[PDB]
Amino acid sequence: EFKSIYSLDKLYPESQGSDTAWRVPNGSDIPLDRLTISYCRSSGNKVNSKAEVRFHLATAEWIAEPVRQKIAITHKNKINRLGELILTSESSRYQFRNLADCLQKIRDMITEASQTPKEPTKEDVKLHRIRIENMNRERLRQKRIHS
Amino acid sequence: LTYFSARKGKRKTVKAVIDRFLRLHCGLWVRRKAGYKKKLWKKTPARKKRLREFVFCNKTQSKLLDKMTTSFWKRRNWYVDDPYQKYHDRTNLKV
Amino acid sequence: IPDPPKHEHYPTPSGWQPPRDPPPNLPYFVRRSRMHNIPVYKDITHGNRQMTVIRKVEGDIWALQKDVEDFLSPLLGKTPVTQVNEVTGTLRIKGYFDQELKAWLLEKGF
Amino acid sequence: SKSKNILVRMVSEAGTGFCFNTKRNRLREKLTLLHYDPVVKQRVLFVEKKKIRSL
Amino acid sequence: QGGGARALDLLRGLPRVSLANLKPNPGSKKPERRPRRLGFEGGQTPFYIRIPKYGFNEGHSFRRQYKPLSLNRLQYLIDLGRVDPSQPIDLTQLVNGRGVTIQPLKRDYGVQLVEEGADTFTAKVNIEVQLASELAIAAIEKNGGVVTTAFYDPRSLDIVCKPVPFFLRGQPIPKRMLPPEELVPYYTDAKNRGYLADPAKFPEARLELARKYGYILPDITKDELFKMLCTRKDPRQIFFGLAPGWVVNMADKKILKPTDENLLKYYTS
Amino acid sequence: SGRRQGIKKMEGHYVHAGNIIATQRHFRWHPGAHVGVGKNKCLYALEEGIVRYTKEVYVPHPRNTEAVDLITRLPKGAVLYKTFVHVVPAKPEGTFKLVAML
RNA sequence: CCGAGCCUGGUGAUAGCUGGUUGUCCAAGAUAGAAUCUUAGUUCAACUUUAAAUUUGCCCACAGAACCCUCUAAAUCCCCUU
RNA sequence: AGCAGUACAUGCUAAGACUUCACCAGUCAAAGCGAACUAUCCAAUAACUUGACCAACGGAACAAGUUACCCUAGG
Ligand SMILES: [Mg+2]
Ligand SMILES: [Mg+2]
Ligand SMILES: [Mg+2]
Ligand SMILES: [Mg+2]
């Protein structure tokens, strides 16, 4: 072969190897064999595709037991009747981006769960009235006169 | 407009048009509003905002601009990180 | 132009499929393009006249016109407006049916 | 030469460099305002710096 | 059933075709008509003059352009046998298979691989491009292929796209220039798979893409085609197997290499 | 030397949100239900619906000194009337659609 | 015919405004506005030609369109049906 | 009428519209964010920006008298 002064060997002496750039590094990872990934292709009307990732939260060995409990209460609305946490993304045309969005969602859930000091934030306008409605509902509660 | 140049016998482009207009590959022409940089102190925020918009030309103006430019200015271009890349092609246009 | 390589599973990842062997026995035959694609092309004029053209038609072109009319009439809900060019072996259809016609012709074996 | 109102440029004290022209009476001292400053996304003191034009 | 054979059968009865009975196709000739400054509004400022100047096209001639090659197009080319995945795929093979058309005189700097068709891309290829998107790189790597981004200068791009016209000029193969200062960061970055990037970082960057997009990074070292997959040209090499300074003699099917020390030092520098 | 001002949308016409119903130098038509007012007294639709013109009793704002003086000096039993333009919302705000079966 | 000779060339010089502009047939086909050193001219408008795409167009029931004093009548805008 | 008073979120952004009308220009504006919560080119500038009673006001960058010695033009 031909080697110039700018050959990768000369430019990176310490990186001279046949497998230097193609080794598979064995090594918070999410096992992709445990998850169940489904794709719903576009029909026609949305142009963007849909990718769905679901796994059984309670029996998820990879997630820590304290984390699975915190995730269950925080994301109960996502867990279905079978105890499977269901995540969906349809923000992109390509299945690769949709799947990456779902995996990033799983990572944020595990991270958010481990961060116990949840940040105090101003409530959404929807929550504000519900707080006032919940407060008046307690005001109507009475005590059993004779018990 | 020169239809037949003295040295090449070819149509010429009006460079005044190149200075002021952007042609999308779909045939639309984009321009600035006249006076967008002048006398801002005496213009309301709403007037100033519409003066800094990039607006399309009408059909009559677009056909005139097309005649004043040669085919080179109408070719499809693939500039890297072009801000107007998405606007070159029309979508959901029935006509 | 190279001949397409033989594949174990058809259609290929890109969707290409070779013409059936032996040729389908019909009164007309639709030849492939030099690039081994089905010669169905979208065409437009005046900025608004969307049309579909079927080229390289051999045999009874009128038989293809009736077959195309029966196939497209359910989808449109009316008989499709078409032009038969016997000289050039071309069938011109009003509206865009390139994708539907390509799949329809592929099933026949062209 | 003379006008009832003067056009002058107010510079933000935050040092961002955002400035806006404003109208004040000719017979007045240097104007100071709490005009909103986009760069800092909040109201900030503005100091009159240079005369631009006379109305 | 007979449409072509019927027309030829009709011909047998009709008179001999000759120069005396030809005519143009109806509608191909418009009958001639026999009689038997633009942009000036008449005094006011023309519309194209009263609009303010803005740098829409400023520096257009010096902007770099890249022809987009999609994974759909690349897969389609492989499916029809026009690009062979069993050998390194570069601009020459893409151009030779009529997969892309490159115009160096129109400020084309090569092909930019685009992610369109990533979902259905199945081929395993070793492909050299000038620009590649993150999703496009992931699609190729997920199948066990190798993608690298390399820079060609206007002169080098012209030669690589059309080798035979260059060889007929009779000049020695030049060494391709390095990218400009602005591009140097892009081509020395492993995230882009730059040809001038450190080979040691690549494994980390390759793994990060596999994690983000949710696929298992395959081990190409175990692949039978590993030797081809890792085949790459020196940063100064326009063509595989051909060094700068060599003269190609197509008439005699020979290659001439210079032995002068000064010439060899220049070409290898 | 003339300009065009007046009713852009007549009675029974369909308007979309933001449509300019009328332009006026002075208040000739007053804003009714779902009709906004601009700085220049322009009347525009706040909802999608049908334009309606009605005659409604006029009651000015207590802090509108000029208008309050007028009504206080009116003979008792006399009610001021003005022409109001309204938009009758054609569509509902939204609908409840089944999105999941958990 | 020299208020600045004549000749050749530049030169088929420019402007301005007249005049002229050569066989037949068929189809469509007459508008009356704005800017301009512009009103003897022009370019955007009005009308007009050809081809193409698509869906309403015209006529017009009720209801509806301000006070301020309306000469206040004759009318207008909008508009389903037909 | 070729202005003034008096505020300094005359902040940002964005559906849908109006318009002397042709163009240029001009005008109104929901929701949202953040608050409050009651002419052209030219010339100067780091920038943000500013400047021609260009009043013949769609503005040639910049120029008068006179010809009853008149020259040319058509009506
Ligand atoms: Mg065509
Ligand atoms: Mg006729
Ligand atoms: Mg009607
Ligand atoms: Mg709002």
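Residue numbering restarts at 1 for every chain, and letters A, B, ... go by the order of the sequence lines. The basis for the numbers below is simple: all heavy atoms, side chains too, and nothing from hydrogens, waters or symmetry mates.
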Any N/O pairs under 3.5 Å between the protein and nucleotides 34-38 of chain H? List them or say none.
from	atom 1	to	atom 2	distance (Å)
H/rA35	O3'	D/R43	NH1	3.1
H/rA35	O3'	D/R43	NH2	3.1
H/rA35	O2'	D/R43	NH1	2.8
H/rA36	OP1	D/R43	NH2	2.7

Give me, pair by pair, the N or O atoms of the protein and of nucleotides 15-17 of chain H that are less than 3.5 Å apart, along with how far apart they are.
from	atom 1	to	atom 2	distance (Å)
H/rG16	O2'	F/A17	O	2.8
H/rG16	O2'	F/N19	ND2	2.6
H/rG16	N2	F/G18	O	2.8
H/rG16	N3	F/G18	O	3.1
H/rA17	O2'	F/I20	N	2.8

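On a pure distance criterion of 3.5 Å, a polar donor-acceptor pair joins the side chain of D/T22 and the base of H/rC8.
Heavy-atom nearest nucleotides on RNA chain H were determined for B/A34 and for D/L55, and the one closer to the 5' end corresponds to D/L55.
Residue F/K55 has no polar side-chain atom (N or O) positioned under 4.0 Å from OP1 or OP2 of G/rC67. Remark: E/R50 is not in phosphate contact with H/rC24, judged by side-chain N or O atoms under 4.0 Å from OP1 or OP2.
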What pattern of brackets, bars and dots sums up RNA chain G from 5' to 3', given Watson-Crick or G-U wobble pairs under 3.5 Å, [ ] for crossing pairs and | for another strand? ..................................((....)).....................((..........)).....
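For the pair B/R32 and E/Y54, the cation-pi criterion (under 6.0 Å, within 45° of the ring axis) is fulfilled.
Taking the six-membered ring where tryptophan is involved, the planes of D/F18 and D/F46 are perpendicular, since the angle between them exceeds 60° and thus also 30°.
Nucleotide H/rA56 carries a south sugar pucker, as its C1'-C2'-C3'-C4' torsion angle is negative.
At a threshold of 4.0 angstrom between heavy atoms, the contacts of B/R52 are confined to the sugar-phosphate backbone, with no base atom among them.
Between H/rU13, H/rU40, H/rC28, one nucleotide has an atom nearer to the side chain of E/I49 than all others, and that is H/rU40.
Going from the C1' atom of H/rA31 to that of H/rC12 covers 14 Å, rounded to whole Å.
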